[PDB]
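One chain follows as structure tokens, the form deposited in one PDB entry.
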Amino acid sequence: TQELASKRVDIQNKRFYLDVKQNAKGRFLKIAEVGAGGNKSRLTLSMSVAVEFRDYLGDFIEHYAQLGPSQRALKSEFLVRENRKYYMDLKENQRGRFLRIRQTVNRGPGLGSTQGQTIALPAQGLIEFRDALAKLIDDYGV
């Protein structure tokens, strides 16, 4: 398994890596939320699914940009493809708005296991994260 490319996105004090990889089966994207001394969690997406993810990020962006001042998710979506489900929830807590992304298996073994498969993006970073993703899709295609 070869690494084609790796981008890092720094959002407040969190860091995320988007890496494009290749194997015999084809091209894929790995998205890691980094912890203190390792990756906390990672998502795995095909390059095709990454395109759809990019588009959903667009919708989240638009939603966030329109909320106005803050005074149960603000917005919840999910995408299934290839026996993989991705839940996308825009939420707020005390520290601010964020976009949680959880990956699971649709069916077969795992059947709703989510461990080291949840990332949480501070919402401030959604544009930069979408742009990095979009750059990698422009670079490496499919």
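When you see a residue number, it is the position in the sequence shown, counting from 1. Definition used throughout: the rigid core is the maximal C-alpha set that superposes within 1.5 Å between two forms.
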{"property": "Deposited-sequence gap flanked by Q71 and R72", "result": "10 or more"}
{"property": "Stretch with the greater mean C-alpha B-factor as recorded in the entry, comparing 48 to 56 against 77 to 85", "result": "77 to 85"}
{"property": "Per the entry, higher mean C-alpha B factor between 120 to 128 and 8 to 16", "result": "8 to 16"}
{"property": "Largest Cα B-factor, entry values, listed residues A65, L43, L111, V34", "result": "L111"}
{"property": "Assigned third (lowest, middle, highest) for the C-alpha B factor of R107", "result": "highest"}
{"property": "Modelled-residue ranking by C-alpha temperature factor, third containing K30", "result": "middle"}
{"property": "Position of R95 among the chain's modelled residues by C-alpha B-factor, lowest, middle or highest third", "result": "highest"}
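The following text describes the form deposited in another entry, which does not appear among the structures shown.
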query	finding
Core-aligned C-alpha movement of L111 between this form and the one not shown reaching 2 Å	yes
Cα-Cα shift for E82 and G116, closer or farther in the other form, minimum 3 Å	closer
Change in CA distance between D89 and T114 in the other form, which is 3 Å or more, as closer or farther	farther
